[PDB]
Amino acid sequence: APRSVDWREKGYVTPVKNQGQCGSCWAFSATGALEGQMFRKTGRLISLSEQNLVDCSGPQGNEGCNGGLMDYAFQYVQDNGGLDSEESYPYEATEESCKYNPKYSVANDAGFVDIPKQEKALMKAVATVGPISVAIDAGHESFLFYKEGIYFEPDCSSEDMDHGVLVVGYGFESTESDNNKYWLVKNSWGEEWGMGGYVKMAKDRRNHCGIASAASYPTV
Amino acid sequence: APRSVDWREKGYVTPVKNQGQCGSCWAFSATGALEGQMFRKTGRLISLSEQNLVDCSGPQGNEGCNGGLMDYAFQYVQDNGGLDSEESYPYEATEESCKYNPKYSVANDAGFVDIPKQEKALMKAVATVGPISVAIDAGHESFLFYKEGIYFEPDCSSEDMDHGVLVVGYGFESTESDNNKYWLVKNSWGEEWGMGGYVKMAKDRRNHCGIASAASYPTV
Amino acid sequence: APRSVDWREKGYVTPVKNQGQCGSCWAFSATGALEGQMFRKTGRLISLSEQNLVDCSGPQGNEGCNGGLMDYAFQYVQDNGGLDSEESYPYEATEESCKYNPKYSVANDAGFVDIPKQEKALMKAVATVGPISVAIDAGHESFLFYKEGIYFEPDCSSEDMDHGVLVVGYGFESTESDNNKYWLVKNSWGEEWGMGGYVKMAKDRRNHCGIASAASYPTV
Amino acid sequence: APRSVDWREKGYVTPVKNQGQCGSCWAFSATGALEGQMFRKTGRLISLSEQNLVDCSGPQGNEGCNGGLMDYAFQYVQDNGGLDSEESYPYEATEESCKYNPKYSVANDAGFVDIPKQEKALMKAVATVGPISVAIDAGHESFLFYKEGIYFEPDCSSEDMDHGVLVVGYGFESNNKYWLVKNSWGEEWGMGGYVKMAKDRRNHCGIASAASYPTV
Ligand SMILES: *[C@H](CS(=O)(=O)c1ccccc1)[C@H](CCc1ccccc1)NC(=O)[C@H](Cc1ccccc1)NC(=O)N1CCN(C)CC1
Ligand SMILES: *[C@H](CS(=O)(=O)c1ccccc1)[C@H](CCc1ccccc1)NC(=O)[C@H](Cc1ccccc1)NC(=O)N1CCN(C)CC1
Ligand SMILES: *[C@H](CS(=O)(=O)c1ccccc1)[C@H](CCc1ccccc1)NC(=O)[C@H](Cc1ccccc1)NC(=O)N1CCN(C)CC1
Ligand SMILES: *[C@H](CS(=O)(=O)c1ccccc1)[C@H](CCc1ccccc1)NC(=O)[C@H](Cc1ccccc1)NC(=O)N1CCN(C)CC1
Numbered sequence: 114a115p116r117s118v119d120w121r122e123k124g125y126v127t128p129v130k131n132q133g134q135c136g137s138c139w140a141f142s143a144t145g146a147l148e149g150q151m152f153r154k155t156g157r158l159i160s161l162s163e164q165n166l167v168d169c170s171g172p173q174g175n176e177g178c179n180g181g182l183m184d185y186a187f188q189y190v191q192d193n194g195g196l197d198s199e200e201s202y203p204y205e206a207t208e209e210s211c212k213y214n215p216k217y218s219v220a221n222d223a224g225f226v227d228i229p230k231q232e233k234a235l236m237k238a239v240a241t242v243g244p245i246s247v248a249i250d251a252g253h254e255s256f257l258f259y260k261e262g263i264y265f266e267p268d269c270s271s272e273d274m275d276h277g278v279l280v281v282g283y284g285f286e287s288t289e290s291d292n293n294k295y296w297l298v299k300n301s302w303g304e305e306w307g308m309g310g311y312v313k314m315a316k317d318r319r320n321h322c323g324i325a326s327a328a329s330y331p332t333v
Numbered sequence: 114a115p116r117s118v119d120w121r122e123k124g125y126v127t128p129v130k131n132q133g134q135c136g137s138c139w140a141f142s143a144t145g146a147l148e149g150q151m152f153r154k155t156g157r158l159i160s161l162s163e164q165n166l167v168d169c170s171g172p173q174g175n176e177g178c179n180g181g182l183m184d185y186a187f188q189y190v191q192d193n194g195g196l197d198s199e200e201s202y203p204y205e206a207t208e209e210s211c212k213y214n215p216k217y218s219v220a221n222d223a224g225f226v227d228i229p230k231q232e233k234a235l236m237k238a239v240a241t242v243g244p245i246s247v248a249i250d251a252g253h254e255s256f257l258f259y260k261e262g263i264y265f266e267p268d269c270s271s272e273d274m275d276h277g278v279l280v281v282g283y284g285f286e287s288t289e290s291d292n293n294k295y296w297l298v299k300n301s302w303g304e305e306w307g308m309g310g311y312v313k314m315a316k317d318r319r320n321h322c323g324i325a326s327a328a329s330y331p332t333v
Numbered sequence: 114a115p116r117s118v119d120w121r122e123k124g125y126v127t128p129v130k131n132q133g134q135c136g137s138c139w140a141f142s143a144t145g146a147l148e149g150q151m152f153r154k155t156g157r158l159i160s161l162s163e164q165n166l167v168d169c170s171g172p173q174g175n176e177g178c179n180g181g182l183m184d185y186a187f188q189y190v191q192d193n194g195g196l197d198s199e200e201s202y203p204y205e206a207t208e209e210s211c212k213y214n215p216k217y218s219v220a221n222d223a224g225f226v227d228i229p230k231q232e233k234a235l236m237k238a239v240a241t242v243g244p245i246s247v248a249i250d251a252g253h254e255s256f257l258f259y260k261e262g263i264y265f266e267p268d269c270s271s272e273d274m275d276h277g278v279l280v281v282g283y284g285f286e287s288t289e290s291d292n293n294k295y296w297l298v299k300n301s302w303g304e305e306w307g308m309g310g311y312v313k314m315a316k317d318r319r320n321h322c323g324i325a326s327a328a329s330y331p332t333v
Numbered sequence: 114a115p116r117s118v119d120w121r122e123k124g125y126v127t128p129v130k131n132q133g134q135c136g137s138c139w140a141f142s143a144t145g146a147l148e149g150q151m152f153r154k155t156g157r158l159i160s161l162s163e164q165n166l167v168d169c170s171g172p173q174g175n176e177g178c179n180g181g182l183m184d185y186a187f188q189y190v191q192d193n194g195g196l197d198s199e200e201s202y203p204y205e206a207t208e209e210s211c212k213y214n215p216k217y218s219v220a221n222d223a224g225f226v227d228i229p230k231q232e233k234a235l236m237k238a239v240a241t242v243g244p245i246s247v248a249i250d251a252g253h254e255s256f257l258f259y260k261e262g263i264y265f266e267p268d269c270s271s272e273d274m275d276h277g278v279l280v281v282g283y284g285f286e287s292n293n294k295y296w297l298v299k300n301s302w303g304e305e306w307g308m309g310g311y312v313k314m315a316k317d318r319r320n321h322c323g324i325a326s327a328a329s330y331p332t333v
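Structure, rendered in structure tokens:
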């Protein structure tokens with residue numbers, strides 16, 4: 114795998130979005146991964162509807178603003194035969210009745226891939242697939258307050274995660290250092306948070322915050 | 114809860130045993146769970162005597178090679194004040210008169226805990242307690258020839274279990290059908306059955322084969 | 114197409130063979146497809162010589178134990194006007210000079226058909242033609258160690274195939290509505306590999322492992 | 114010696130591990146043997162760091178994912194004064210700079226013992242010492258494809274071995294005696310990651326030709 118990857122430079126990544134006061138991180142993680150795989154397959158980046166997922170993917174196990182899983186969202190898109198664009202089905206930050214319209218569907222998948230629980234496997238997937246949905250332990254105020262640098266939280270759990278985000282790349286401190294490698298992570302808390310909405314998470318430090326424990330992407 | 118658990122890596126689990134042609138699965142389930150809880154307490158992993166349970170726990174309700182319940186076994190160990198080591202009271206695969214000797218007792222318990230009949234509760238117990246005794250519907254040919262992968266039997270019953278086994282963890286792996294989650298289950302049919310004597314039972318598929326319907330562990 | 118196909122039950126397929134430590138998979142894929150089409154034409158199944166292809170089809174672009182293409186093998190049979198039987202020209206697992214003898218030729222073809230690169234087209238061809246030559250990404254340890262069930266490898270590529278094999282059918286496991294679908298694939302690593310030398314490969318997951326990317330059959 | 118031995122039943126053996134796509138078998142053989150001897154000495158079974166060996170035992174002669182010797186790994190632990198736990202220094206399946214931390218050392222050794230190149234000597238060692246590091250000729254597809262039974266490969270070499278593994282016991286049919298061998302290719306391979314190798318058949322696959330264990 115290359116020593117660094119940034120899928121934003123290849124056109125796979127939409128701008129940073131903001132879930133608001135709704136626990137819909139899973140939907141933003143899922144649309145991010147499906148935006149990337151649709152671009153891989155079609156050469157077109159089209160922003161996708163988190164509201165569609167919040168309102169409509171209950172049958173696959175999701176619970177709207179009360180939480181969900183990226184894999185359930187990927188299952189919804191398969192079962193449903195499509196997913197509407199962000200433009201056609203804009204985000205409201207609260208759960209509503211489903212208003213899916215197939216005429217505005219711009220994405221599809223045939224299931225999903227769960228990556229094995231190894232940071233080496235996550236690296237290979239980021240390098241060769243595109244942006245990857247991951248879950249992390251973001252339940253520490255250090256994450257809430259993050260502004261810049263390589264995020265490392267001594268109390269982070271590698272097994273108990275609470276926040277779905279999107280790995281769009283990875284990098285290093287210098288070509289010859291094992292220190293302060295990082296995953297480049299797109300969050301969904303707006304661009305004020307962090308580094309324009311992004312965080313560099315510690316990479317190859319014993320699966321820090323569980324970033325490799327629930328990594329997946331849709332089959333496209 | 115954690116997305117993956119394997120108590121074998123923490124030292125809680127003895128090697129796979131073989132009940133032979135005796136219907137004593139309940140006793141192997143019980144010794145497995147007690148081995149785990151005793152290790153949790155003392156840091157010593159000591160294989161426990163299934164024969165002691167087969168021969169001696171009739172008063173609690175068990176019926177030797179003709180079946181029994183893990184909770185009855187846990188009750189016996191409490192009522193009896195002890196349980197002999199496997200080395201001291203070896204397995205003969207046929208019921209005989211009770212030969213318990215307190216001098217060779219290496220385990221105790223103070224009762225047991227029954228888990229609510231939901232896979233969500235079983236997962237919380239596995240994640241926080243250790244290996245858990247469970248009963249499954251194992252009366253299908255597919256269960257005999259199992260070699261690898263996630264076991265799913267469409268004819269499996271969630272209410273009528275016939276086999277006591279031990280959940281030592283859970284996890285996931287990508288599959289064709291995207292039913293990726295499994296319980297890691299220790300069987301007592303020897304190393305040549307299944308994956309070194311283990312089976313990955315379908316997890317979060319409507320309580321498949323009843324794995325969450327009679328789950329419990331001893332209190333140590 | 115039919116819901117399931119197994120050309121072995123119709124007499125189209127020879128026993129599993131073993132290429133040894135020679136990169137001649139392409140020749141075994143090609144003989145398998147030609148064995149099927151010759152059976153379709155004549156009603157007689159005759160095992161065909163991979164060694165003939167390894168030794169003789171260089172002019173069409175093949176490179177013996179260093180790799181080849183099934184289409185180049187079909188072109189050789191057409192150019193050459195024949196291919197010898199396995200019995201007359203047995204397999205040696207190393208490249209040698211060409212000893213084709215037309216007296217022992219038992220097959221011919223008039224070219225080949227490349228199937229469109231998607232799995233609906235591949236299924237139609239398997240259902241209406243017979244066994245189909247395909248290439249897959251077999252370059253993972255999971256493939257070496259495959260035992261039973263439907264092979265799904267998260268890191269499988271749909272573009273970078275390295276191994277020529279033979280699709281002899283397809284079908285499904287479990288309840289049909291679970292979409293637990295597979296391709297039935299004959300390998301050439303002997304009957305100790307896999308399921309008697311066969312593997313069930315993930316079907317209808319967007320061309321998993323590239324099984325539809327280089328599919329063809331000979332015209333007889 | 115006893116007719117059969119299985120050190121797994123005595124608590125000497127950690128679960129099966131997976132070296133991945135790195136030629137670090139020697140390091141898994143070494144940690145396996147040191148795990149057994151550390152348990153023999155202390156009563157604690159603690160998984161040990163193959164990555165520590167891969168990254169750090171170059172001065173003893175090892176070459177990371179490009180190969181090594183179990184004896185060189187045992188020499189490193191002695192020279193270094195310790196070896197980190199698996200938990201503190203987990204496996205990355207690629208060679209990097211050495212990150213050994215003495216505060217997380219959980220193992221030590223005082224050298225190593227090479228066993229004479231005879232299966233009778235190997236049996237005595239397994240019976241009296243615990244799990245033994247060995248090297249075998251695993252360069253045959255029959256070994257890649259192994260699933261069950263007593264492994265025997267007519268083309269195996271007794272002198273040219275390429276794979277470090279761990280003998281955790283031995284047994285008998287009731292002919293076809295076997296060594297119980299723990300591999301490091303994960304649980305799917307073989308019998309839950311184990312293989313029964315032919316025992317007392319002219320040093321099949323060289324299993325007695327490079328056997329050793331650490332002194333603790
Ligand atoms: C989003 C994370 S968050 O809201 O942005 C947040 C806030 C502060 C700190 C950290 C993170 C949601 C939050 C859901 C929630 C709502 C209300 C109260 C508590 C939580 N997180 C999830 O949806 C997680 C994501 C996840 C994915 C994969 C693996 C692990 C976690 N999932 C979740 O909460 N679930 C999952 C399943 N089920 C359908 C409901 C519970
Ligand atoms: C072990 C199961 S088994 O023998 O390994 C087996 C074999 C083949 C297929 C599936 C399982 C025993 C079998 C008892 C038996 C022997 C001979 C004829 C009929 C039955 N199973 C039990 O002991 C079960 C386990 C169990 C525990 C908890 C909840 C549900 C089931 N229990 C059991 O059979 N009994 C009968 C008598 N006893 C007092 C109460 C429960
Ligand atoms: C057989 C595959 S294999 O040897 O059985 C194997 C072993 C282990 C894992 C996976 C597969 C050959 C291998 C050729 C090879 C030899 C030595 C080093 C590297 C490779 N594979 C081929 O022959 C492939 C098959 C193929 C067909 C169609 C599309 C894609 C792949 N072709 C190949 O390797 N070529 C083709 C062209 N040219 C003549 C040589 C390179
Ligand atoms: C592990 C064996 S393996 O990779 O798992 C494997 C794979 C397939 C089939 C069989 C085995 C390593 C492999 C090293 C390697 C990597 C890349 C290319 C070639 C080789 N094997 C070793 O490390 C062996 C083990 C050994 C120990 C004792 C006696 C004999 C063999 N040793 C080795 O390769 N050395 C020794 C010393 N020197 C430092 C480098 C070469």
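Going down the list, the protein sequences come from chains X, P, L and W.
The first sequence begins at 114 in the UniProt record's numbering and counts up by one.
The second sequence begins at 114 in the UniProt record's numbering and counts up by one.
The third sequence begins at 114 in the UniProt record's numbering and counts up by one.
According to the UniProt record's numbering, the residues represented by the fourth sequence are 114 to 287, 292 to 333, in order.
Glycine included, every Cβ here is placed at the ideal spot set by N, Cα and C.
Report yes or no: do the segment 154-169 of chain L and the segment 195-212 of chain L share at least 3 C-beta pairs separated by less than 8 Å? With a cut-off of 8 Å, the segment 195-212 of chain L and the segment 154-169 of chain L count as touching, because enough Cβ pairs lie within range.
Quick check on this structure: which residue in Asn179/X, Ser160/X, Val190/X, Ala315/X has the alpha carbon closest to the alpha carbon of residue 334/X? With chain X covering only 114 through 333, there is no way to say anything about residue 334/X.
Interface flag, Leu257/W vs chain L, CB-CB below 9 Å: Cβ-Cβ to chain L under 9 Å: yes for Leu257/W.
Using CA coordinates, which residue listed in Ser287/L, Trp296/L, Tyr259/L, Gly282/L is at the minimum distance from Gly309/L? Considering only alpha carbons, the answer is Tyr259/L.
Out of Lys313/L, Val280/L, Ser246/L, which has the shortest C-alpha to C-alpha gap to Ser329/L? Taking the Cα of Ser329/L as reference, the smallest distance to any Cα among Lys313/L, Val280/L, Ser246/L is reached at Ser246/L.
Below 8 Å on the Cβ atoms is my contact criterion, and I expect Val118/P with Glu304/P to pass it. Report the Cβ-Cβ distance as a whole number of Å. Between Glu304/P and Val118/P the Cβ distance is about 22 Å, and since that is not below 8 Å, they are no contact.
Could you please give me the residues that DSSP links to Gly282/W through a beta bridge? DSSP, once it has assigned bridges, lists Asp119/W, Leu297/W as partnering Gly282/W.
Sort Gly284/W, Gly307/W, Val333/W by Cα distance to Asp317/W and report the nearest one. Of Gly284/W, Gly307/W, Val333/W, the residue nearest in Cα terms is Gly284/W.
Step through the CB atoms of chain X and report whether any lies within less than 9 Å of the CB of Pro203/W. At a cut-off of 9 Å between beta carbons, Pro203/W contacts chain X.
Quick one: residues in its chain with C-beta nearer than 7 Å to the C-beta of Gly149/W, no 5 flanking neighbours on either side, listed in chain order? Cβ within range, chain order: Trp120, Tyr125, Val126, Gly243, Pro244.
Is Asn175/W close to ligand 5? I mean its beta-carbon at under 8 Å from any heavy atom of the ligand. For ligand 5, the structure offers nothing, since it holds only ligand 1, ligand 2, ligand 3 and ligand 4.
For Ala315/P, the three-state DSSP class (helix, strand or coil): DSSP places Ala315/P in strand when its eight states are reduced to three.
For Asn131/W, which three-state DSSP category applies? Of the three classes helix, strand and coil, the one that applies to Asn131/W here is strand, per DSSP.
In three-state terms, what does DSSP make of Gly177/W? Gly177/W: helix per DSSP, three-state reduction.
Could you please give the first and the last residue of the uninterrupted beta strand (DSSP E) stretch that includes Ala140/X? That residue, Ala140/X, is in no beta strand (DSSP E); its alpha helix (DSSP H) goes 138-155.
Any heavy atom of ligand 3 closer than 8 Å to the Cβ of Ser301/L? Yes, Cβ of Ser301/L sits closer than 8 Å to a heavy atom of ligand 3.
N-terminal and C-terminal residue of the beta strand (DSSP E) that residue 64/X is part of: Any question about residue 64/X goes unanswered here, given that chain X covers just 114 to 333.
Determine the direct distance from the alpha carbon of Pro267/P to that of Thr288/L, and round the result to whole angstroms. About 7 Å.
Any beta-carbon of chain X closer than 9 Å to the one on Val118/P? Interface residue, yes.
Thinking C-beta only, is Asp168/X closer than 9 Å to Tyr217/X? No.
Tell whether a beta-carbon distance below 9 Å holds between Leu279/P and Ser142/P. Cβ atoms of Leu279/P and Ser142/P: closer than 9 Å.
By DSSP, does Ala325/P sit in helix, in strand, or in coil? The answer is coil: DSSP assigns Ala325/P none of H, G, I, E or B.
Every unbroken alpha helix (DSSP H) within the segment 162-225 of chain L, with a cutoff of 4 residues, ordered by chain: Scanning the segment 162-225 of chain L for uninterrupted alpha helix (DSSP H) segments of 4 residues or longer gives 163-169, 183-193, listed from N- to C-terminal end.
Please list, in chain order, the residues of the segment 249-277 of chain X that have any C-beta partner in chain P closer than 9 Å. Using a CB distance below 9 Å, the part of the segment 249-277 of chain X facing chain P consists of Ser270, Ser271, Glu272, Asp273, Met274, ordered along the chain.
Starting from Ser255/W and walking both ways along the alpha helix (DSSP H), at which residues does that stretch end? Taken as a continuous stretch (DSSP letters only), the alpha helix (DSSP H) holding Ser255/W covers 254-257.
Based on DSSP bridge pairs, tell me the residues matched to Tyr330/W. In DSSP, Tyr330/W forms a bridge with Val226/W.
Just verifying my parser: in three-state terms, what is the DSSP assignment at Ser290/L? Shown here, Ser290/L sits in a helix according to DSSP, grouped into three states.
Bridge partner(s) assigned by DSSP for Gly277/W: According to DSSP, which records beta bridges pairwise, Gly277/W is partnered with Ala248/W.
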